[PDB]
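The lines below spell out each chain.
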Amino acid sequence: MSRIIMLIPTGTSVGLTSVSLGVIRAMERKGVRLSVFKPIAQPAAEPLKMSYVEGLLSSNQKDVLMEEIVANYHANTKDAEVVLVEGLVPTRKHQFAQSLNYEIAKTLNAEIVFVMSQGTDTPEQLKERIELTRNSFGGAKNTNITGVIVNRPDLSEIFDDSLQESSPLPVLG
Ligand SMILES: [Zn+2]
Ligand SMILES: [Zn+2]
Ligand SMILES: [Zn+2]
C-alpha cells in the first residue's frame, strides 16, 4: 500500500530469510503493518508450487499464472502498509526464473532490492556481478531498482541491521 519492495535473491544461499526476518522485526517495533509475500515456492494463499507454475507456463498460460499471482498478492496483503516480496533464486533447472522475477516486479510495481552473497569474489568481482544484475533488470532506465544487500518508511528503517562508497547500487542495511 505505502511501499512495495521485492527482494531478488541472486544466489543459492544469500541469507534471504535473514533479510526478511530483520524486516519483520524492524516493522513490528515501529507498529507498521507488514506482509511478506512469496509468490512462488522454491523447491489466505500459499506460495504457488513450482510444478503448478511450470504446468501453466508449459500450457501457454502465463497470463493465468500472473493473474493468480496478482490475486494472491491482494489476498495476502490486505491492510498491509509495507509489502516485502520474496523473489526466485535463479537455479540451473529453470530458464524462466529471472524473467518471472522481472515480470512479477513489473506487475506489482515493486521497488527492486538485490540480495547478494560475497562468497569467493574479490570486492571488484562482487561489484561486477552487482552491475551485471542491475543491467539485467533494466539498468539505469528501470527507476524501480532501489539497492543491494550484501551478506512511506525509509529504507534505513525497513532494512536496519543495527563497499557502500563505490557500489553500483546503494548498499542497504
Ligand atoms: Zn513487540
Ligand atoms: Zn522445476
Ligand atoms: Zn489475464
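Residues numbered from 1 in each chain as written, not as in the entry; some residues may be left out. Chains lettered and ligands numbered in written order. Heavy atoms only, no water.

For this coordinate set, the PDB header names X-ray crystallography as the determination method and states a resolution of 2.00 Å.

### Describing the nonpolar core
Formally: Definition of nonpolar core: a set of buried residues of the types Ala, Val, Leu, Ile, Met, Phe, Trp, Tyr and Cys, connected through side-chain atoms within 4.5 Å. Partly exposed residues are those whose accessible area sits between 20% and 50% of the maximum for their type, while under 20% is buried and over 50% is exposed, using a 1.4 Å probe and protein chains only. What counts as a helix is a DSSP run of H or I of at least four residues, what counts as a strand is a run of E of at least two, and both are numbered from the N terminus. Contact criterion: two residues are considered in contact whenever any of their non-hydrogen atoms come within 4.5 Å of each other.
Membership of the largest hydrophobic core comes to 32 residues, with the highest contact counts inside it found for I40, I69, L100, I104 and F114. Contributing elements (two or more residues each) for this core: β1 (3-9), α2 (50-58), α3 (62-76), β3 (82-86), α4 (97-108), β4 (111-116), α5 (123-136) and β5 (145-150). Excluding its chain neighbours within four sequence positions, the residues that come into contact with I40 are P47, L48, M50, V53, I69, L88, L100 and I104.

### Observations concerning the pairing of β1
Operational definition: Two strands are said to pair when DSSP picks up at least two bridges between them.
With 7 of its 7 residues buried, β1 lies for the most part within the structure. Going residue by residue along β1, you find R3, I5, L7 and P9 tucked away on one face and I4, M6 and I8 tucked away on the opposite face as well. Two elements, β1 and β3, share 5 bridges in a ladder whose sense is parallel. Looking across to β3, one finds that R3 is bridged to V82.

### What about the packing of α3 against α4?
Our working definition: Angles here are taken between N-to-C directions and fall from 0 to 180 degrees, while the axes themselves are lines fitted to C-alpha atoms, restricted in helices to the stretch in contact. In this scheme, roughly parallel covers angles under 35 degrees and roughly antiparallel covers those over 145, while 65 to 115 is roughly perpendicular and the rest are oblique. In this scheme the handedness of a crossing depends on how the near helix is turned from the far one: anticlockwise by less than a right angle means left-handed, clockwise means right-handed.
Relative orientation of the contacting elements α3 and α4 amounts to 50°, with a least axis distance of 11 Å. As the angle between them shows, α3 and α4 are arranged oblique. Seen from above, α3 lies across α4 with right-handed handedness. Here α3 contributes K62, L65, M66, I69, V70 and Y73 to the contact with α4, which in turn contributes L100, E103, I104, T107 and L108.

### Quick notes on the coordination of the zinc ion (ligand 2)
Basically, it comes down to this: Water is not part of the atom set, so a site may look incomplete; the donors themselves are N, O and S atoms within 2.8 Å of the metal, or 3.2 Å for Na, K and Ca.
Protein coordination at the zinc ion (ligand 2) comes from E54 (OE) and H94 (NE2), with a distance range of 2.0 to 2.3 Å. Residue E54 is found in helix α2, and its partner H94 is found in the loop between β3 and α4; the two are separated by 40 residues along the sequence. In this structure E54 comes out as partly exposed when scored by relative accessible area, which is 28%.

### Observations concerning the packing of aromatic side chains
Going by this rule: In this scheme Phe, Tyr and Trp rings, the latter by its six-membered ring, pair at centre separations within 6.5 Å, and the angle between planes marks the pair as stacked below 30 degrees, edge-to-face above 60, and tilted otherwise.
In the structure shown here, the tally under the stated rule is 3 aromatic pairs. The interplanar angle of 75° and the centroid separation of 5.8 Å between the aromatic rings of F37 and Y73 together place this pair among those described as edge-to-face. A residue is classified by how much of its surface remains accessible, and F37, at 2% relative accessible area, is buried.

### Let's talk about unusual backbone geometry
For residues besides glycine, phi is generally negative; the peptide bonds are generally trans as well. Here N60, not a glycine, exhibits a phi torsion of approximately 65°, which is positive. Inspection of the secondary structure puts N60 in the loop between α2 and α3. At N109, a position not held by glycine, the phi torsion is positive, near 55°. Looking at the element boundaries, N109 is found in the loop between α4 and β4. Look at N109 and you get exposed, because its relative accessible area is 54%.

### Topic: α3
Worth spelling out the cut-off: Helices are assigned an expected span. That span is 1.5 Å times one less than the residue count. Here the arc refers to the set of directions running from the helix axis out to each C-beta atom.
Here α3 is 15 residues long and its end C-alpha atoms lie 21 Å apart, about the 21 Å a rise of 1.5 Å per residue gives. Taken together, the buried positions of α3 are occupied by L65, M66, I69, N72, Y73 and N76. Taken end-on, α3 shows its buried residues confined to a sector of 125°, consistent with a single buried face. Contacts made by the buried residues of α3 are with β1, β2 (34-37), α2, β3 and α4.

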